[PDB]
Amino acid sequence: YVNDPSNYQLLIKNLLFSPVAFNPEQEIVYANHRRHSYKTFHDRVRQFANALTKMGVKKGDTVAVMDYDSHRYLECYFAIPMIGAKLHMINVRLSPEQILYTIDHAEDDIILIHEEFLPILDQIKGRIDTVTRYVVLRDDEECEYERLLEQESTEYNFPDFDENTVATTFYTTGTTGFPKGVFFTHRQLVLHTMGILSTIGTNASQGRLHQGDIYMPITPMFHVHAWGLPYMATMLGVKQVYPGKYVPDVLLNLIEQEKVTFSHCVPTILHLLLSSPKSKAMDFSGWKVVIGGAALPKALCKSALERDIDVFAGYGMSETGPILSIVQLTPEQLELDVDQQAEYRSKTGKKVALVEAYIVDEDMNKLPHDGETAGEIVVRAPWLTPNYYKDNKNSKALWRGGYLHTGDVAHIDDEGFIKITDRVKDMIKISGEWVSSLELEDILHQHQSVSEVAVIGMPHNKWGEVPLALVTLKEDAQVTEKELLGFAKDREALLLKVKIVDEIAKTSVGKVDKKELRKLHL
Amino acid sequence: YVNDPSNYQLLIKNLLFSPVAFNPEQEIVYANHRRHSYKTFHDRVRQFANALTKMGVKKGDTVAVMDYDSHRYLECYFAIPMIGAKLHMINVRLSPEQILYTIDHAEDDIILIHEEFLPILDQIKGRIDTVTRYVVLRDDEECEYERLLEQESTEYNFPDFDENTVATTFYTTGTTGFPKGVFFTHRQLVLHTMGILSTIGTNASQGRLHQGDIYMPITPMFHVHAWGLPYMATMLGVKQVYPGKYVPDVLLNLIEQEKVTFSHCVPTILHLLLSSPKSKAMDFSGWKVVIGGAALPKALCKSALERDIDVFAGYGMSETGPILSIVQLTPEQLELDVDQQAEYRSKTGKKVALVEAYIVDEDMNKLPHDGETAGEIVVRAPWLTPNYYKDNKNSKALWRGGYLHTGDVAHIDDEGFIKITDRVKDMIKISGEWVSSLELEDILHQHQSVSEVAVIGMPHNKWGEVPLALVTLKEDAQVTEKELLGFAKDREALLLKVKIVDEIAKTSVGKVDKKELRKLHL
Amino acid sequence: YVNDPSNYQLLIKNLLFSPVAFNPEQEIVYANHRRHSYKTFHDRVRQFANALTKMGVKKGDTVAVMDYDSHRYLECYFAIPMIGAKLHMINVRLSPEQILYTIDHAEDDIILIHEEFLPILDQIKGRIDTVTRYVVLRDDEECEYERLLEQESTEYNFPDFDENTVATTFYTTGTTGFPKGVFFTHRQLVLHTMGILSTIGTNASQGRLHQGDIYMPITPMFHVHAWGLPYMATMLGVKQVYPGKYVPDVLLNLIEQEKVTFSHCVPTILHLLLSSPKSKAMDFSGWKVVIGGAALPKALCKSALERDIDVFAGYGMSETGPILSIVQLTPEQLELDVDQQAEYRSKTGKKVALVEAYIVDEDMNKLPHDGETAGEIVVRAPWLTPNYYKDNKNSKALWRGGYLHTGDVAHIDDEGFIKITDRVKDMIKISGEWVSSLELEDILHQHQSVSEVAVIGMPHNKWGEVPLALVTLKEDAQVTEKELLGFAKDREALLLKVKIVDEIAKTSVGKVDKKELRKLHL
Ligand SMILES: Nc1ncnc2c1ncn2[C@@H]1O[C@H](COP(=O)(O)OP(=O)(O)NP(=O)(O)O)[C@@H](O)[C@H]1O
Ligand SMILES: Nc1ncnc2c1ncn2[C@@H]1O[C@H](COP(=O)(O)OP(=O)(O)NP(=O)(O)O)[C@@H](O)[C@H]1O
Ligand SMILES: Nc1ncnc2c1ncn2[C@@H]1O[C@H](COP(=O)(O)OP(=O)(O)NP(=O)(O)O)[C@@H](O)[C@H]1O
Ligand SMILES: [Mg+2]
Ligand SMILES: [Mg+2]
Ligand SMILES: [Mg+2]
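Protein chains in written order, with the UniProt record's numbering: chain P, 4 to 493, 502 to 533; chain R, 4 to 493, 502 to 533; chain D, 4 to 493, 502 to 533.
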């Protein structure tokens with residue numbers, strides 16, 4: 004087969020071999036374990052490509068990875084798609100049965116697994132069918148990955164192919180069902196990297212990623228491509244530090260010792276870092292954390308700002324690149340005091356380059372951006388999944404009306420800021436209105452004796468759903484007093508019914524399992 | 004969206020609206036039930052398109068059909084792909100559990116079902132999830148299909164789209180596993196129609212389909228697109244007769260009364276037609292039957308030829324268009340007596356236009372075409388399925404080495420004739436050689452007291468498999484005598508071990524279930 | 004670059020290596036010069052590919068050919084596109100200045116020229132810039148083509164590429180302007196071959212091309228791909244005879260000696276063949292000539308039919324494949340006497356498979372097919388050129404309204420027969436009506452003393468054009484008598508003005524130059 008050289012294909016190999024800046028002596032660091040350079044990283048990628056080719060991996064095969072944040076994961080990220088194979092990212096926090104389901108669904112050919120998840124694989128080994136090889140990863144010289152890499156040469160000619168070939172795949176958390184498989188191509192990943200770099204690098208003076216930064220991930224990195232940050236960092240040729248296990252002390256040592264300036268985490272990990280005693284005598288005025296898990300609270304943002312940390316929220320939903328929104332503050336808003344700055348930073352943010360992001364009601368009428376009217380977000384972007392893997396009913400509901408349906412209810416204002424209120428499946432329909440469960444669950448959580456609250460909604464057969472607030476307490480506070488306090492705030504008349512429960516069911520990842528609560532409590 | 008008009012897309016709507024010949028007053032006949040014209044057929048197709056659009060069917064939806072050969076099936080064949088939807092063909096001869104599996108796997112949106120398969124649907128109705136509507140078809144005016152057609156107008160503007168959009172899908176019989184989903188696009192179907200028309204219409208004087216023929220199908224028509232014949236006939240604008248139930252008497256009346264000249268069936272139906280008493284006083288010297296089920300025997304071919312019937316074999320395997328080979332006789336071979344003509348007609352035939360069809364061993368070395376060396380057939384054609392639906396392990400084994408693996412062992416000769424010997428999974432490996440089970444099962448079936456024979460193969464742990472001949476008899480013939488007769492023919504020394512069984516297990520369609528025999532008998 | 008094997012590309016190499024029928028011992032014959040077999044033809048094609056690769060020809064280079072009908076031209080037809088280069092066909096009947104213009108416009112890299120056109124090249128050699136090599140072709144062993152072929156081996160691996168790569172190009176005759184460059188791709192040529200084979204091979208009993216025919220071209224073969232016949236014949240594996248110079252005696256010897264059954268020519272050559280004395284004692288009842296030049300007259304058709312020749316007209320216009328219409332007679336019309344059969348055969352014919360062919364007025368309103376209303380023909384087909392080479396103004400006028408504008412006025416009837424009346428640029432607009440010049444020029448040509456007549460049209464500044472009939476006579480017949488005879492036939504009142512001229516200007520090919528007549532006579 005002969006192709007004309009003029010036709011250019013967007014490939015990940017161009018992301019690695021044609022960076023914005025390449026520094027041969029820049030360091031890739033795996034926490035207290037392994038330091039090497041970029042000129043060693045490229046040779047390592049070529050060696051891994053040779054080893055994969057020797058192993059029988061081809062243009063259609065699937066390699067699954069199950070480990071922590073390390074140099075090996077970045078090497079996989081770059082080497083497996085370049086061969087033409089597909090990289091399946093396994094969520095290690097799922098239950099072993101869910102992991103078995105995802106492995107059978109994806110039909111992986113090779114499995115690279117750390118030596119820490121071996122007991123999990125022991126339970127799920129008899130019932131796995133398609134895997135011809137397991138490669139055990141270790142933090143010492145006894146690693147099979149290192150043994151397989153050290154036999155091959157550092158020379159490899161990476162092929163080019165169509166830019167629409169699938170590169171990566173992973174599964175959703177599954178709070179509402181079984182996990183859903185989402186996949187992306189080489190083109191989509193390259194475009195996402197360039198679009199996000201154009202959006203966040205061109206900011207005037209706040210929340211920008213540039214070639215002088217030092218990057219350390221704090222998100223799982225096996226979920227949403229670690230927000231695409233490991234790709235972007237590799238394009239900038241910046242120093243990269245990989246922590247591994249996420250122990251707050253080792254993280255607060257890696258920051259400081261390595262002078263990390265850019266990272267991204269979730270509100271729980273940020274709270275753990277800020278509350279650790281070792282952080283009380285630590286300098287934080289070089290750190291730019293990006294919070295993208297869910298619903299950055301105002302108090303956490305204010306405390307982080309008072310610690311002189313550049314904190315801003317981002318919004319992505321695991322099948323949209325993932326990045327769709329990033330908080331960017333103009334220099335006029337950089338004067339505002341800590342309260343107003345926290346208010347602006349806590350929002351989901353404005354849409355990134357090449358994104359439509361309309362707000363819509365049902366039937367698709369494109370509600371106005373007045374700042375209080377709420378509706379589902381429908382988006383168009385170069386890096387959206389076209390459907391779900393081996394699913395057609397949910398794929399059909401995903402792209403209804405020619406737009407991707409996120410399933411999140413939000414209100415946009417005149418300035419373009421987006422504020423998510425709830426999920427579509429979690430809204431409470433009283434008569435014809437959609438009542439967000441999050442707002443009144445926060446109202447009830449403002450009580451001193453309330454530990455946690457979940458609102459679901461119970462059928463009335465007269466007007467519709469009626470909110471049901473399942474509350475777990477720490478002290479003795481009475482059921483009637485919750486209703487009295489709720490009447491004292493928020502109009503719900505007498506429709507707020509509160510039930511005291513011993514525990515509130517969670518999911519495997521850690522989110523609240525509302526479907527399980529509906530199963531137990533009507 | 005704007006497309007340039009110069010770019011031409013191969014679509015089925017071009018197959019219908021730009022035929023080789025269009026005759027407005029040509030007849031479409033449904034046996035003793037409904038006669039109409041082509042000028043009524045086009046209006047009917049447009050009415051069905053309007054009804055489907057009114058029903059909510061869109062460019063990605065799936066419509067399943069479960070009925071006999073009729074005008075309605077042709078209307079579905081043409082109207083469902085033109086809308087952009089996908090036509091799922093349901094094999095009604097499968098067991099209801101297998102039908103449920105295929106329905107769940109395909110995720111059909113609408114189901115059109117005859118009133119005869121309603122009891123089957125009753126068993127499989129609770130466990131079906133994706134179907135929003137069932138349309139019951141009837142042979143009287145009470146048909147819901149006719150009621151839905153008569154409400155709409157005969158005007159419709161059929162959209163154009165990409166020629167790689169999937170048009171049809173169906174599942175394999177499943178003699179070796181569970182059924183496998185295969186799909187084809189608009190381009191592939193159009194190319195298959197044109198290629199087969201070029202191959203069979205240009206024959207000099209034997210076995211040709213031309214614009215003066217009358218076409219009646221005798222194959223299921225819900226399996227392999229009825230060999231693509233209903234499309235091809237519609238391109239030629241020839242008279243089409245649809246029998247329905249396949250009763251030999253009604254078939255032998257439709258031939259004669261309608262003067263059918265071209266058809267296609269399987270050896271069992273042909274034997275039933277030839278053995279019917281009503282055929283003893285019937286003229287057959289205008290009929291050209293195409294036999295494509297499996298292994299046209301020489302005796303049947305000779306008797307059909309003595310009845311002055313133009314009989315020739317065709318080879319296709321349900322995921323290759325299906326047509327790959329057609330027997331075509333040069334005018335020199337038209338002189339040969341009935342025995343030599345039967346020998347030439349019983350073969351699978353030469354490859355059709357735009358087909359490679361190499362013979363190969365294992366490891367892919369492309370064995371010579373000497374006429375006795377046997378190997379697997381590997382093909383390349385414009386109309387091959389790229390993979391299996393929602394399957395990746397079997398898809399990977401399907402296209403190994405860059406060629407489609409049929410799984411049939413055959414030998415090709417210098418003239419180009421192909422003769423299938425067995426299936427790959429049915430070959431017996433004694434020491435290093437592949438022994439076809441079909442040849443020695445025929446040898447054993449030549450016995451007078453043998454009713455049927457199946458050869459599978461039993462492990463020896465010394466050289467390999469050892470053939471095991473499970474034989475069902477009609478009379479008293481002894482186990483030792485089978486071995487003695489086998490030694491008298493065919502070198503197998505003493506390796507032919509014969510076991511007498513009461514019955515031989517079959518599959519749902521009617522083929523011999525060799526996997527079940529291996530499960531019962533070791 | 005790696006491509007998946009499932010994706011199939013329509014290429015000419017598949018036309019050669021995957022035919023409908025391949026016969027190794029079938030003969031390719033070059034009249035009284037060279038006989039070889041197909042097994043020699045394939046080796047010759049591979050040798051030519053090796054020689055072209057050795058010469059520096061690449062995937063974008065251009066090779067021009069300037070010779071007669073021979074085996075070498077077929078070898079070029081097949082070998083040059085297979086390499087990926089572009090085959091430029093040079094019309095040797097154009098004036099040397101026009102040939103220079105076309106050569107400079109196309110920018111040919113290599114030129115293969117016969118030893119007969121060498122004096123023409125001598126005049127046009129200084130002013131040619133892009134040609135790095137001339138290869139002189141001869142009918143003896145001193146041919147440079149044979150010398151270049153005999154040095155290479157008969158083994159070559161032909162590459163595959165995109166099916167939209169340009170394969171052939173040539174220029175129009177230029178009766179209305181300068182020649183216009185038209186080009187076609189591999190896909191278009193393959194589709195044209197298959198579509199025409201499906202259309203003409205499936206005819207019941209008249210005018211069909213099958214695998215038992217013997218093919219000899221009588222059209223230039225450097226113009227419109229010789230109607231695509233050399234490709235189609237090669238797909239059928241039929242015997243091919245190439246005459247060379249078109250001497251009527253050698254043609255009438257090649258027919259008879261080689262038993263040619265299928266050919267195609269123009270009315271002038273057919274008249275010369277029928278009027279030759281050697282044809283008076285010749286048997287013609289196996290010959291099927293296809294007449295596609297222009298306007299097959301009824302008298303010629305009747306005389307050819309009385310000679311027991313199967314004659315039918317075809318319509319194509321050098322940028323539409325070219326074939327768009329072929330006359331096909333149903334078996335009911337095969338009973339009709341010679342007069343009615345000649346009437347039916349003289350028409351342009353019905354459209355071939357996959358062709359729309361609407362009749363339209365100006366502004367595009369799609370006039371009815373009543374049989375007498377005339378309008379321009381607008382067509383859609385898989386094998387139409389998308390634009391003109393290096394032209395954008397005429398390309399824009401070519402595809403106005405989303406349909407290709409042929410520029411011919413015709414009327415279609417209820418049965419689908421098309422009858423061209425004139426060209427759009429040749430119609431005479433009296434007040435608001437379009438008067439065909441051909442009809443009244445035939446009326447005037449019915450006079451005994453008229454040798455030839457051309458009607459152009461002279462401005463009146465009152466209602467519009469007024470026909471002007473320039474007539475060249477053989478005898479003394481008077482100007483007034485032409486008008487009197489014209490009034491005796493045909502309503503033109505007194506608007507038919509006739510002028511006697513000594514000679515009527517023709518074009519380089521031989522058609523009447525109406526633009527030159529407008530330049531000389533107002
Ligand atoms: N910045 C944010 N603010 C508020 N909510 C957010 C933010 N980022 C993400 N979310 C929510 O978290 C979700 C992340 O999606 P995902 O990672 O697939 O988990 P999931 O939706 O629970 N998986 P599934 O149960 O299959 O839908 C989004 O759909 C939002 O509902
Ligand atoms: N002319 C023929 N001569 C001999 N065998 C044939 C012929 N035509 C078809 N066959 C056989 O019949 C098969 C038809 O394939 P198909 O309709 O999918 O049934 P199947 O193979 O049993 N389905 P599956 O069990 O999933 O492979 C071919 O694969 C051949 O093995
Ligand atoms: N069967 C036919 N009957 C009548 N006229 C025909 C027939 N076939 C071709 N023609 C005419 O001949 C033309 C052939 O086109 P072509 O070979 O390009 O010559 P041309 O039109 O003179 N070149 P150009 O001057 O650039 O348009 C058609 O456009 C018709 O006008
Ligand atoms: Mg989600
Ligand atoms: Mg099969
Ligand atoms: Mg023209």
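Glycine residues also receive a C-beta, built at the ideal position from the N, C-alpha and C atoms.
Exposure label - residue i; buried when at least 16 CB within 10 Å
| i | result |
| --- | --- |
| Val66(P) | buried |
| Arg502(P) | exposed |
| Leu533(D) | exposed |
| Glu166(R) | buried |
| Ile329(R) | buried |
| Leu103(P) | buried |
| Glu379(P) | buried |
| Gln449(D) | exposed |
| residue 495(D) | No atoms are given for residue 495(D), which sits in the stretch of chain D between 493 and 502 that the model skips. |
| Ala229(D) | buried |
| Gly204(R) | buried |
| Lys242(R) | buried |
Simplified DSSP assignment, three categories, for residue i
| i | result |
| --- | --- |
| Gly59(P) | coil |
| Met69(R) | strand |
| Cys268(D) | strand |
| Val358(R) | coil |
| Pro8(P) | coil |
Beta-carbon contacts of residue i that lie in its chain and below 8 Å, excluding the five residues immediately before and after
| i | result |
| --- | --- |
| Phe120(P) | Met69, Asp70, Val95 |
| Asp252(R) | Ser279, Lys281 |
Residues near residue i in its chain [Cβ-Cβ closer than 6 Å; skip 5 each side]
| i | result |
| --- | --- |
| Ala480(D) | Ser452 |
| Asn390(R) | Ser398 |
Sequence-distant residues of its chain with Cβ nearer than 7 Å to residue i (five each side left out)
| i | result |
| --- | --- |
| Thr264(D) | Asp216, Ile217, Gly289, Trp290, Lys291 |
- Secondary structure, alpha helix (DSSP H): runs of 4+ residues fully inside the region 184-251 of chain D: 189-204, 232-239
- When you get a sec, list the residues whose CB is within less than 7 Å of any heavy atom of ligand 3, chain order please. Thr175(D), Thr176(D), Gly177(D), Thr178(D), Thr179(D), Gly180(D), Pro182(D), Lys183(D), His226(D), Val227(D), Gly295(D), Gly296(D), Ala297(D), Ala298(D), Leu299(D), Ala316(D), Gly317(D), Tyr318(D), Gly319(D), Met320(D), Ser321(D), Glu322(D), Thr351(D), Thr409(D), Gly410(D), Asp411(D), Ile423(D), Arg426(D), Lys522(D)
- Query: Could you give the uninterrupted runs of the alpha helix (DSSP H) lying entirely in the region 262-307 of chain D, keeping only those of 4 residues or more?
  - Reply: 270-278
- Item | Start-end ranges of the beta strand (DSSP E) lying completely within the region 102-182 of chain R, minimum 3 residues | 113-117, 136-140, 169-174
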